[PDB]
Each structure stands twice: as structure tokens, then as C-alpha cells.
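Colleague: okay, structure incoming, though there's no sequence with it:
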Ligand SMILES: NC(=O)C1=CN([C@@H]2O[C@H](COP(=O)(O)OP(=O)(O)OC[C@H]3O[C@@H](n4cnc5c(N)ncnc54)[C@H](OP(=O)(O)O)[C@@H]3O)[C@@H](O)[C@H]2O)C=CC1
Ligand SMILES: NC(=O)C1=CN([C@@H]2O[C@H](COP(=O)(O)OP(=O)(O)OC[C@H]3O[C@@H](n4cnc5c(N)ncnc54)[C@H](OP(=O)(O)O)[C@@H]3O)[C@@H](O)[C@H]2O)C=CC1
Ligand SMILES: NC(=O)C1=CN([C@@H]2O[C@H](COP(=O)(O)OP(=O)(O)OC[C@H]3O[C@@H](n4cnc5c(N)ncnc54)[C@H](OP(=O)(O)O)[C@@H]3O)[C@@H](O)[C@H]2O)C=CC1
Ligand SMILES: NC(=O)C1=CN([C@@H]2O[C@H](COP(=O)(O)OP(=O)(O)OC[C@H]3O[C@@H](n4cnc5c(N)ncnc54)[C@H](OP(=O)(O)O)[C@@H]3O)[C@@H](O)[C@H]2O)C=CC1
Ligand SMILES: NC(=O)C1=CN([C@@H]2O[C@H](COP(=O)(O)OP(=O)(O)OC[C@H]3O[C@@H](n4cnc5c(N)ncnc54)[C@H](OP(=O)(O)O)[C@@H]3O)[C@@H](O)[C@H]2O)C=CC1
Ligand SMILES: NC(=O)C1=CN([C@@H]2O[C@H](COP(=O)(O)OP(=O)(O)OC[C@H]3O[C@@H](n4cnc5c(N)ncnc54)[C@H](OP(=O)(O)O)[C@@H]3O)[C@@H](O)[C@H]2O)C=CC1
Ligand SMILES: NC(=O)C1=CN([C@@H]2O[C@H](COP(=O)(O)OP(=O)(O)OC[C@H]3O[C@@H](n4cnc5c(N)ncnc54)[C@H](OP(=O)(O)O)[C@@H]3O)[C@@H](O)[C@H]2O)C=CC1
Ligand SMILES: NC(=O)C1=CN([C@@H]2O[C@H](COP(=O)(O)OP(=O)(O)OC[C@H]3O[C@@H](n4cnc5c(N)ncnc54)[C@H](OP(=O)(O)O)[C@@H]3O)[C@@H](O)[C@H]2O)C=CC1
């Protein structure tokens, strides 16, 4: 397993991050535990979760499933960089005021609930699930600093920010000696490359890690066409993946992709993961296995070496915009 | 004429900015001078130029045309908010001698002196970075700009062709030491190119910069370029961005739908494109690029136009925009 | 016993610092406790340890031995300035699990709780970075240290095996936000190894840090290791730094001339090495490394020694220093 | 000609810096002018001089030689990044108090005398010739900021600093908005590598350029043994080169070096220049041609590509210490 610094900070992380969103809705508790043990054995030390994971009436069950994995002992908590999230609504449409978003009030109650469900006295990387345009950064950093100085959190990260939100957050932190965002968790894969325009350039300038969520675009990139005939699609049958397959242009993009990999004898989920590991500034993908065999597939992807010929072919099927301002001006 | 504050600062500007890029290579000195006179009489107090305008062997020619305009007296200099730019290469077109382009303190020093001499004035009101320079750090840039501010050679600093995050970083760096940051960003924004909506304009609004849109007609493409296609002359639409766009069928189809839609409503295409930008949140105004006195008078009419809800939603249907990031590509 | 301030801060320490690295692997618990009783009896109030001391499968034993010493009551904890360290890997062999070594806020959090538990105390007086960690930035480091300061778990932060510029960067970073910076640097400094004079000690003096010299006998090399090679008696001087040095003919001759020189002046070689450090400008004191009670008594006599200008000049001839940079390699 | 950024700042410089110390005492004015013409023709845009160059009674002659070179028009001043120094006594022996070192008083008088000899209104890179332990950085930066605001200088650089002087200087400048040191000029070559302990690592941390002076160790690395018997006005017959040849251990090193290059068919002056160009953090060497052909030789050196065998062999003869604390502790 390959390791790297999370951006500028002293934390060392595997280049595969174990995403846990499937643990609960799609993967049951015992198989989730087995995937986590296997991730440790493979050397993955960085787990991503969220308070909202679990779905519906079971929002929080993913954190509880990690809670019960830690509670088995065997140094599991001490070996894992534990990341979770605040912002989302923990109830079932419109949230009660200040029971979502990034007000200091919601941060206080959400961290306590997450810490209770995880059965740990601290979160290593506490992440904003989304930018909240209504909460100023001096409020946010007050809230996080209270938790840092109490020992309840160590690091702060962002998710689904714009590039200028990262700049504003970390400049505001720096004014008063505070450690800023250490990482941005953004959507980035072969199908969706617009994080290249500003999010990733800004993350690189401010020395944040970049960890890519839905690195297979919700399963689209892991052989979802091939699997339509055999009914192997689960997550790839809803959400981003199903919407993309319904669109003729996007579907044919995936078709050329699966065909090209057939010619080269490569697995499509592994190529997509390995492709992110080549992108400048990307710490690594947050893999989303539903089975232990999908985790092992991800582990093999971390060792894949893509040829320049495949890389340029993938670029031709899935072009990116590159950085702003050049992406749309000159 | 409608006026507004330039973002957060005390400067008041007309919602039309006179672009001068045509003055020299496309419009001769005499028509250039009459456009500016008509612009002043219309109430336009905000002029944008650059050291490189004039093109080719005549880079600098535009600044000189503005200089001989000012030298006529008549309160012209005192009345005009004068903006020029630094970054471009001023030598032989081709690879620049090191530090004769970009935003080193060295090039800023030599460029502003040469602009002042050609403009024949002792100060520039709005000195703009023509493009982001990823290799010059902001404490170097702001040192160079502040030297000029304290000498009285410039008043305000602005940006052009920045990423939203460059705006944040520039103004956070300026604010740490009590300097006035960027006051405006000059970005490509029109009906055909809306991606400044993702992060440039949101960042500019958060930091209280003016937003002034260059090539607001996409270089002539939205000026009735199809209807006038087989016409001739020195039309800006007959080459560059507008021509290349008309040879792509998808882009060409958009313009066709647009000109047809405006026939149905009795509206001029050039005028609608300007009026449409004036409705966009955070936009100070377009930088209009008249070739002729009559195109300027037409720009002035566009600032009095009131587009209906019906035309706006139809314009959206032809030219959809992405919205802000991250919602534009994530959720 | 002579006392001095630790660099610029209000803390007063004896100029002999008790090192404990031998306590466990080389000196058993009973003799380690006797050595500590006798150090307190001689007025030594400043003890240096580390989480890794104990070796191999017994990393942590040295801290546990101090813990059981403090547990014997008698004002011991209250009387001693207790220093320990974080950075080292606590596991047996091979590369550490990620973030179970080095200076991330994550390892700092877990290392100080394990140290506090082994030491059986609610605070460490001087919490030291065992080594520079080039991968952790200072705003992360000072965040984790400031958490412990405000909780009352540490009082003071120090460095060890830093470069001079790390010292400067650390304390400049702390001072920008009203944090007390590093209060001391623990660096290798003795007759045999003098290159800390190039830049580490100068930076430490500029920033007002104490300087406490580890392996002040160069791992026993300077305590009569050649004589004891035939009489028997080398333990620590049989391995590591000292064994390597004697494997080199030029370094072995330095030691020979050293022991010859002191035979003639009637002086003990370990005592001269300690006393020489006490003369070096900026040096708070040596961290003595006694293996036995009698080696501690020897160290205490060395703190009363006075080395003549003749001896000092002879030692400088045998063991030349580089002096400060840039003069050491340039002019 | 290869160009690079001078450390972190926006200034672009040729990786060969033209040193001028020979111009006056060693190379006459006509050939000095000729060397400068050749340097500019080869694309070198970065010249180093000092107020004291000229030596003895003729301190200032080098700046005067550059002054008359600029006066021959040709876009010369506009094209050259012009660098000189302050610290040295301009009156030889014990200096009148405040007529050497870095007091605000000596800085004021030295820069005016330098600007007059150079016949220019501004110095692009004004460098401290040496650390001055008796002047504090708030006084130095006050003096330099007066010059920046009057437009008499653009950039400040250091020379013969310790690494910790660099950190203290730039931390002090950054505290109050000032651009700190942009470059450090240090003794660094195959024979003298102790800048690797702390000077160069500190420069790299603070984003300083690194330009090495006497990159052939005063001619010692330019073929000095092959040429030891020949007469003439050779730098290698005097100064530090001659002292090293009288030490047996340093002569043997040069012998092995010259012999090694005989077998590979390489020129010793060019190899040493090319070697510095491989060192991480190093902007470039400050070449010290005595003749126009020695300049052409330096230009070829910047195009040489040393092989790993040669690099390993050079490391065997000329071992470096590496960074502190590892170089002496662990
Ligand atoms: N910050 C945010 O806003 C978001 C965060 N995340 C985080 O990132 C993690 C990954 O997100 P996710 O969408 O699940 O990731 P993916 O894009 O990789 O989709 C996961 C699905 O892809 C399929 N798949 C997984 N691994 C492989 C493999 N080797 N080979 C082939 N197919 C494979 C499975 O599909 P199938 O079920 O059909 O078998 C899996 O359920 C999440 O667990 C979460 O922690 C994700 C969403 C939003
Ligand atoms: N209230 C909640 O907690 C959640 C609500 N949803 C709903 O699902 C819809 C789209 O997601 P889905 O169809 O299930 O699968 P998708 O393939 O479209 O999206 C996959 C992941 O993207 C993230 N996401 C996408 N859209 C939203 C949104 N409005 N709000 C919050 N997170 C979003 C979620 O991950 P992530 O949880 O990391 O944000 C989701 O698991 C949304 O309209 C949303 O209302 C989806 C997930 C959580
Ligand atoms: N910061 C930067 O990088 C850039 C800055 N700019 C600045 O922005 C200014 C505008 O740029 P430019 O490309 O010229 O802007 P436009 O795209 O609006 O104008 C180009 C052409 O549009 C047509 N036109 C202009 N006004 C009208 C009008 N009322 N009605 C109908 N057609 C009209 C003319 O085309 P035709 O000749 O075919 O009739 C004109 O020559 C420039 O002068 C410059 O100051 C411009 C480019 C880059
Ligand atoms: N053969 C030619 O190209 C000739 C051009 N001109 C004048 O040049 C202008 C049109 O420029 P053109 O490039 O031909 O067509 P484009 O439509 O491609 O360029 C429009 C403007 O965008 C900006 N720009 C676009 N690309 C670049 C780039 N690599 N680098 C720097 N700036 C860029 C320039 O404005 P900005 O300078 O503000 O950056 C340019 O004037 C017109 O004003 C025309 O009068 C005159 C005679 C001949
Ligand atoms: N920060 C860091 O990296 C380091 C920290 N340290 C700290 O510094 C302390 C000293 O280190 P250490 O290497 O032990 O110091 P020394 O250089 O003094 O070596 C100790 C050995 O020297 C001999 N000796 C000790 N005292 C005398 C004396 N009066 N007279 C004659 N010989 C004597 C004994 O040798 P013998 O066994 O042969 O009898 C002893 O085991 C350590 O305990 C530790 O606290 C030390 C190493 C690294
Ligand atoms: N702590 C150790 O002794 C470790 C040693 N090693 C390996 O053993 C060699 C030195 O062992 P030893 O004979 O005891 O050293 P020496 O006898 O030569 O030096 C004595 C002390 O120096 C310190 N030290 C020296 N090298 C290292 C190193 N890589 N890492 C951490 N501390 C070091 C240790 O003190 P202190 O613990 O205070 O730093 C050691 O007690 C090294 O080459 C290394 O490869 C590897 C990891 C840890
Ligand atoms: N900041 C400081 O303290 C210092 C600054 N400097 C600056 O650095 C510059 C270089 O210093 P300097 O000592 O002259 O550098 P060198 O050590 O490279 O040059 C001295 C001699 O090297 C020989 N030589 C030069 N070029 C070549 C070449 N291609 N091929 C073979 N031999 C060659 C010549 O020796 P020979 O005559 O025998 O043929 C030359 O006179 C100086 O001009 C000055 O700008 C220099 C010293 C101190
Ligand atoms: N002493 C002599 O016999 C004569 C010397 N010269 C010139 O002086 C240079 C010969 O070097 P030399 O000084 O004799 O001995 P070195 O060769 O050891 O010195 C070479 C350079 O290092 C720098 N330097 C070295 N030591 C000192 C020091 N105490 N103080 C200040 N700077 C120092 C000087 O450059 P920097 O000034 O940049 O610091 C010097 O030019 C040549 O450039 C020569 O042209 C000319 C006529 C007679």
C-alpha cells in the first residue's frame, strides 16, 4: 500500500480512503466489519463516513457500525484516521432550523451525536459536508476551535466547496494562528472533471489534501453496462449512474470505455481508481466497496500502472476543462 | 445614463464601460476620438484600455490615441476614470524577453512608466492585471502596486482573467496589511460564455469587486453576425472568436435561434446582449466595444432597454448557464 | 550545585541535567532509583527521559521507572523539572504504523497520554520534540502543543535534534500569536562532535533557548574508554557512537591524546568532558548519562572543577571546533 | 539557455548568473565589456557585482565597468537583472565606524554610491554581502523599505548568511507585509558542500533562490593541475585554489577529478558548473569567466547532461554532509 502526506499537514494517509456510505443501506453490519478488517490488513488507515449515512430512519447507522467495529478492540481506533461530517439533516424533508448547515449551534449538537454513535472520544478529521453560504468563517472557526481545544477533534476538512471557499476559509484561519482546512473532499472522476477548474487548483495552492468521492461516479465506471445483462448492478442502478446511462451521449461514453478496456484486458473499476491516482494534487480516491471483493479490486487498482496509450485514450473519451481562467477565456 | 458603485468601493461608474481595443487596428484615430467624445456626452465616465492594444508592431497605439484625446483639454482627463493593464508582452510578437511580460515587480515598474508616457498623464485610475500570473506571489505584487499608490501613479488595482480563488487570495493578502485589494475583475462573460458564473463572479461578489464583462458580444457574434455574414469591411465579427464560432454548427445553431427570436420581438441582437448582462447579479456592466459612433449610440440605447420575463427565459433556453460551484457539478 | 535560567525563561535548572536513557536497558530499576535519589540529594532538579527509552520490547520502561520513583512520595514530583519526548516509534522494529511516530497532532495526542500514564503524573514540565519532523508544519505542531498547555498537561515545549533554522521558524511562528515558543534545544554537543556550533547553538542563543547537550561523553567515548578496553569496564562505550569512533584510526588517536593529556594533568576524562561543556557559551549544561551511582558522583565533582586555560587550549588543539556559519565554511 | 524562477518570486533568470568580480583586477575593461556582450547574446539576463569589486585602491571599478557598459545603449539596462551588494568597506584595513556592515547609515550611503557608479536609477537585486550580527532586522528592513518605496531597489537578497539568519530575516519581513529575501548567494561547489547542512535547506523552506559563488572554487575545479605550470594571470594560481593545491588531501581530490574527466572526455570547468545545476534548490552558479571563451565554456556547461556514473563518481571524490541534524547527529 502506498502512503502520502495529506496535503501540507503531518498526517500520513493511504492513497486509498475507505468510504463507508454503503455500510448499512447496501452492506450489512457483519460484512461491513469484514471489509474494514480487510482494509486495515491491506494497510488502509483512513476511513470516511458521515452522520447522515445509513439512510432514512437509519441516518447514523453507518457511524454506529464503525462504533461497533472499534468496540472489538485490537487497536482498531488507534490505527485509523477517522473522518466524518457535519451539515446534513439527520431527520427524514425540511429540517428544523439549525438542525442542518454549519451554524455553531448545529456544529455543537452534531459532533456530540457523532461521537456517541462512533463510541470514541475524538474525531480525527471533522468535515463540512457542503459549503454553507449563510455561516461566516469567524463563526465556523470559533466552533471548530472550541472542539480542537477540548480534544474532541484534531483536524478540519471541507467537502463540496468552491475553490474560493477554500481560500477564504484558510486565510481567515491563518489570521489568528488556526490550522485551516487540511483537505477537500470533492467529486472527481473520469465522467466529472470540473473540479479541475478551481477546486483542485485552490486546494493545491493552500496545501489541502484532495480526496475524491464517488470515484466510479456512483458505480457508472465499474463495468455497469456489462453488468446490466447479468443484473450485477446495485448502487450502479440508482442515482448518478442510472441517470447517466439513460442519456444517450453519456451511455456511449461508458460503452467506448468498457470496450477499450476489453481490448486492453483491464478491469473498468480499477482503471477509474488508478486514473485518479495519476491526477496532480489528488491524495487519492475514496473507494466505495459494497463487497470485500470490491475492496480487493480497489487494492489491486492501487498497484495498476496505466500506459500512456490508455491515459491518452481515456483523455479522448473523457476530456477535462483544466484550470480557470484558461478553461473558458485565455 | 445609469451609474453604480464599482463593487464595494467609493468610485462611481457608468454601467457601460467604453472599451478601446478597436481604437487603432480597427477604428482610426479620428473616429476613435469622436466615439470617446460621444461616450462622454452620453455620461460614460469609465474607459478601459491596455498597453498591448494596437496589436502587432503597433502595440501601445491605443494608449497614445487616448493620450492625444486627453491633450485636447476640455476636462477630459479629470472626467474619465482611466483604466489600463499590465502583463502583456510589449515587444516583437513571439516569446518575450524574461521579465518583459507577466507580473514581476520588475515588469510592473517598467510597464506602468511606459503606459503613463503614452497616455500622457501622471496617474492611472484603475491599473489592472491583464491575466493571473501563477509565478508571482501576492506579497511581491502588492509591494509593487503599493509603491505606485504611495507615489500617486495609480489609485485602484483591479484584476482580469483571474480564477475566483485568485481574487480571494489577492484580497485576503492585501487586507492582512491594511491595503485596498482588487476593486474589480474583468472577465469574459456574455450569453455564449457563462462559466464565469461558477466561481469568478461568486468570489467577486463575496469580496465586493466590481464585475466588468469583456467581449460582451463575444467579439461580434451576438451583434447580428449571421444576418451580416456575407457583408464585408473591417468587421470584428468576420474573424477571430466570432468567425470560428460560426463554423461550428452547434454554436451557429444557437445564434440562429437567437437572431430569429429577436426578429419575432423587434429587438436588436447587439442591444439585447448588452442589456442581458446588465441584468446579471453582481455585474457592474459590459465593456462595450463599438467600432463606430453609431455602435456606441446603440450601446447607450441597450442600457435603457428592459427585457421581458418572456425573452429572458427564452434566452436561458438557448444559452443555459452552469450556476455556481459546487452545485454546478456536484450537489 | 550551580543553577542557571533555562535560556530566556523563568525556569531555574541545575547545570547538570540527569539523563535516564540507561535506566532499564543498562541500569536496573533499583540502581536507577538510587541514582535519582542521589541526584536530588546533590541538588539536581532537572530530569530528561523519552517515551522510547527502555529499548525494543521494553520501550516505555524508563518512563515507568521514573513513575515508580515519583510514586515513592517525598516531594519528588514537585521538586523535579520533568522532561520527556515525542516523535519516536513505540513499536518494536521496522517502520511505524502511519502516525504512530513523527509529529502530527494525531501522534502528539496519543504519545502524551501514554507518557503521562507511564510517568504516573498529570503534567510534563518540558515536552520535547525528539527530532525535527520536516513533514509537519508549525501551525499544526503549535496547535497540538497549545491544546496541552491550556489543559494543563504540559508547561513548556522544547526541541531536540533541530537545525538552527527549525528553531527560528518554530519560535517566529509561535511569537506571531502570543505563544511561548521553544524554551530549549537538546542537541549533540561534546569535544568529539562540535558542529552544533555552526548554526544550532547560535540560533538557540539568538532566540533565547536553553542548550542541553546530549551524549556529553559521546556515548562514553570520552570517559576513559581506551583505558577501560584493557582493564575491562566498557558498557555503553562498547557500542554505538563510541565503538564506531574507535574503529576510525584518526578519531581513536584523538581519544588517545585526550587520555594521555589528562593522565599527565591528574584529571578524570569523563569529568573533563562535562566541565568543558560547562564553559561553552550558550550551553545550559550537559545531560549526564550515569550508569552507576559512582558515575553520578563523578559528574557532580566535574561541576565543581575549574579547567585551566592551559588545558582548555590543549583540548581545543585535539578537538578543533568549526565555529559559526558562514565563517565556518566561507568567510 | 535555460531560465527558472528565482525561488518563489515572479522574477525569471537565466540558470547561469554572470559574475563580474574578475572585471577590473583580473580581466581588463575591454574584455570585460566583451564578456558582457557575449553573456547577453547567449540569453544571460542576471549579473552579479558588488561595490567592493575592483579591489584595494580600485574598489568600485567593477561597478564603473558595468556603468559604462550600460551607457552603450542597446536596451542593456532594460534587459539585465542587475545585482550588487552592500556591507564591505569602500575606503583597506580598519573601516571607519558605519562605513562597513549593515547599519541603516551605511546602507543609505552605500546604495547611492553604487547607483552613481552603475549610472542607473535602480538596482534590481540589492544583496547583503554578509550577515551582520550587530544590526537587527527591524532596522535593516526599515532601511531597505525606504529604498523600495523610493524605487531605488526592487528585491532584497542575502549572501553569506546562516540558514537561521534567512529564517529570522524573512519571518521579520512577513510580519509586516514586506517581501523578504528573494535569494541567498552562498559558497557552494564540489569542494565545499557544507551549505547543504542548513543554508540551502533554509533557503528552500523560505522559497529563496540559491546562486552559488566561486562555483569552481576559485579555479581549483577548472583544470588547475593540468594548468599548474603555465603562467599568466590565472585566478587558479592564487587565493583559495593555490592554498588547496598545497594541501595533499585536497590536491589528490583534484587529481582524481581531473583524471576521471580525462577518461570520460569532459572539461573540468564545465562539469563543476553542470554539477551545481543538478543540486536541488540551486538556481544556478555565478560563473566567473576571466575570458570570453571561458564564458562560452560556461554556456556549454549549461547544456551538458551528466550521467549517473559520473554523478556517483563525483560524490565518491567530493562527499557532501547532507542536512543537519542528520549530518552530525541522527
Ligand atoms: N462528500 C460527499 O458529498 C460524498 C461522499 N462520499 C464518500 O465517498 C465514498 C465512495 O462514494 P461511492 O459513490 O460509494 O463510490 P463509487 O463511485 O466508486 O460507487 C460505489 C459502487 O461502485 C461499485 N464498485 C465499488 N467498487 C468497485 C470496484 N473495484 N470495481 C468495480 N465496481 C466497484 C459498487 O457498485 P454496485 O453497488 O452496483 O456493485 C459500489 O457500490 C463513499 O463511501 C463516501 O464515503 C460519496 C458520495 C457523496
Ligand atoms: N437528507 C440526506 O441526508 C440525503 C439526501 N439525499 C437525497 O437524494 C437526492 C440525490 O441523491 P441520490 O439520488 O440518492 O443518489 P446520487 O447518485 O444522485 O448521489 C449520490 C450521493 O451524492 C450526494 N448528494 C447528491 N445530491 C444530494 C443532495 N440534494 N443533497 C445532499 N446530498 C446529495 C449524496 O451523498 P452524501 O450523503 O455524501 O451527500 C448521495 O449519496 C437528493 O435529491 C437528496 O434529497 C441523498 C443522500 C443524503
Ligand atoms: N481583459 C481581457 O482579456 C480583454 C479585454 N477586452 C476589453 O473589452 C472591450 C470589448 O471587447 P470586444 O471584443 O471589442 O467587445 P464586443 O464583443 O462587444 O465587440 C466587438 C464587435 O461587436 C460589434 N458591436 C459592438 N457594439 C455593437 C452594438 N451596439 N450593436 C451591434 N453590434 C455591436 C462590433 O462588431 P462588428 O465590427 O463586426 O460590427 C464590434 O467591433 C474591449 O474594447 C477591451 O477594452 C476585450 C478582449 C479581452
Ligand atoms: N491577424 C490578426 O489576428 C489581427 C488582429 N487584430 C486585432 O486583434 C483583436 C482580435 O484578436 P484575435 O486573437 O485575432 O481574435 P480572438 O477573438 O481570438 O481574441 C479576442 C481577444 O481575446 C484576448 N485573447 C484571446 N486569446 C488570447 C491569447 N493567447 N493571449 C492573449 N490574449 C488573448 C485578446 O484580447 P486582449 O489583448 O485584451 O488579451 C483578443 O484581442 C482585434 O482587436 C483585432 O483588431 C488586428 C490586425 C490583425
Ligand atoms: N535527544 C537525543 O537524541 C538524545 C538524548 N540523550 C539524553 O542524554 C543523556 C546522556 O546521553 P548518554 O549517551 O548516556 O551520555 P554519555 O555521552 O555521557 O554516555 C554515558 C556513558 O558514559 C559513561 N560515563 C557516564 N558518566 C561517566 C563519568 N563521570 N565518568 C566516566 N564515564 C562516564 C558510562 O559509560 P559506560 O556504560 O561504558 O560505563 C555511560 O553509560 C541520556 O540519558 C538522554 O537523556 C542521549 C542520546 C540521544
Ligand atoms: N532509539 C534508537 O536507538 C534507534 C536506532 N535505530 C538504528 O540503530 C542505529 C543507532 O542505534 P544505537 O547503537 O543505539 O545508536 P548510537 O549508540 O550510535 O547513539 C546513541 C543514541 O543516539 C540516538 N539515535 C542514534 N541513531 C538513531 C536513530 N535512527 N533513530 C533514533 N535515535 C537514534 C539514540 O538515542 P535516542 O533514542 O534518544 O534518539 C541512541 O540511544 C542507527 O543507525 C538506527 O538504524 C533505529 C530506530 C531507533
Ligand atoms: N558573495 C561572495 O562572498 C562572493 C561573490 N562572488 C561572485 O561569484 C562570481 C564567481 O566567483 P569566482 O571565484 O570568480 O568563480 P570561479 O571559482 O568559477 O572562477 C574563478 C576562475 O575559474 C576559472 N574558470 C572560470 N570559468 C571557467 C570555465 N568555463 N572553464 C574552465 N575554467 C573556468 C577561471 O580561472 P583561471 O583564471 O585560473 O583560468 C576563473 O578566473 C564572482 O564574479 C562574484 O560575482 C565570488 C566570491 C565571493
Ligand atoms: N590578495 C591579492 O593578492 C590580490 C587579490 N585580487 C583580487 O582578490 C581575489 C583573490 O581572492 P583573495 O581575497 O586574495 O583570497 P580568496 O581566493 O580566498 O578569496 C576569494 C573571494 O572570497 C571572498 N572572501 C574570501 N575571504 C574573504 C574575507 N575575509 N573577507 C571578505 N571577503 C572574502 C572574496 O570575495 P568577496 O569580495 O565577494 O567577498 C574573494 O575575492 C581575486 O578576485 C583578485 O582579483 C587582486 C590583486 C591582489
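Modeller: Noted; the coordinates are in hand. Residues are numbered from 1 along each chain as shown, chains lettered A, B, ... in the order given. Ligands and ions are numbered 1, 2, ... in the order given.
Colleague: and residue A:209, how many neighbours?
Modeller: 27 (other C-beta atoms under 10 Å in any protein chain shown). C-beta here means a position set from N, CA and C on the backbone, and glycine is covered the same way.
Colleague: what sits against it?
Modeller: Applying C-beta atoms under 8 Å, 6 or more residues apart in numbering or on different chains to residue A:209 gives the contacts A:5-7, A:9, A:13, A:157, A:182-184, A:203, A:283.
Colleague: residue A:310 and residue A:264 touch, don't they?
Modeller: Yes - Residue A:310 is within contact range of residue A:264, at 6.1 Å (criterion: C-beta atoms under 8 Å).
Colleague: the two: which is more packed in?
Modeller: Shown here are residue A:310 and residue A:264; by other C-beta under 10 Å, residue A:310 has more neighbours (19 against 13).
Colleague: contacts only, for that one.
Modeller: Contacts for residue A:310 (C-beta under 8 Å, 6+ apart) come out as A:260, A:264, A:266, A:271.
Colleague: pretty sure residue A:13 is in a strand, no?
Modeller: Yes - the assignment for residue A:13 is a strand, going by DSSP: H, G, I helix; E, B strand; the rest coil.
Colleague: how far away is it from ligand 6?
Modeller: Look at residue A:13 and ligand 6: by C-beta to the nearest ligand atom, to the nearest Å, they are 23 Å apart.
Colleague: and residue A:105, by the same measure?
Modeller: Residue A:105 sits 47 Å away from ligand 6, going by C-beta to the nearest ligand atom.
Colleague: tally of neighbours for that residue?
Modeller: Residues lying near residue A:105 (other C-beta under 10 Å) number 14.
Colleague: that one is in contact with residue A:98, isn't it?
Modeller: Yes - using C-beta under 8 Å, residue A:105 is in contact with residue A:98, at 4.6 Å.
Colleague: what pairs with the closest residue to residue A:7 other than its chain neighbours across the strands?
Modeller: Closest residue in space to residue A:7, ignoring its immediate chain neighbours: residue A:209 at 4.0 Å, by C-beta to C-beta, 6 or more residues apart in numbering or on different chains. Beta-bridge partners for residue A:209, by DSSP bridges, are residue A:183.
Colleague: compute the number of surrounding residues for the closest residue to residue A:70 other than its chain neighbours.
Modeller: Nearest non-adjacent residue to residue A:70, counting by C-beta to C-beta, 6+ apart: residue A:77, 4.5 Å away. Residue A:77 is flanked by 20 other residues according to other C-beta under 10 Å.
Colleague: against residue A:292, how distant is residue A:273?
Modeller: According to C-beta to C-beta, to the nearest Å, residue A:273 stands 16 Å off from residue A:292.
Colleague: the helix or strand harbouring residue A:142 close to chain C?
Modeller: Assigned by DSSP states H and E, residue A:142 belongs to helix A:137-149. Yes - counting by C-beta under 8 Å from any C-beta of the partner chain, contacts between helix A:137-149 and chain C involve A:148-149.
Colleague: report the buried residues of that helix.
Modeller: Residues of helix A:137-149 classed as buried by neighbour count (16 or more other C-beta atoms under 10 Å in any protein chain shown): A:137, A:139-141, A:143-145, A:147-148.
Colleague: buried residues, the helix or strand that contains residue A:250. List them.
Modeller: Using DSSP H and E, residue A:250 falls within helix A:248-264. Within helix A:248-264, the residues that count as buried by 16+ other C-beta under 10 Å are A:250, A:253-254, A:257-258, A:260-261.
Colleague: go back to the residues you listed and keep what's next to ligand 3.
Modeller: When the buried residues of helix A:248-264 are checked against ligand 3 using C-beta under 6 Å from any ligand atom, none falls in range.
Colleague: just give the closest residue to residue A:108, not the sequence neighbours.
Modeller: Residue nearest to residue A:108 in three dimensions, not counting chain neighbours: residue A:143, with 7.0 Å by C-beta to C-beta, 6+ apart.
Colleague: centroid-nearest residue for chain A?
Modeller: Centroid-nearest residue in chain A, with C-alpha atoms, centre = their mean: residue A:213, separated by 3.3 Å.
Colleague: and that one, bridged to which residues?
Modeller: residue A:187.
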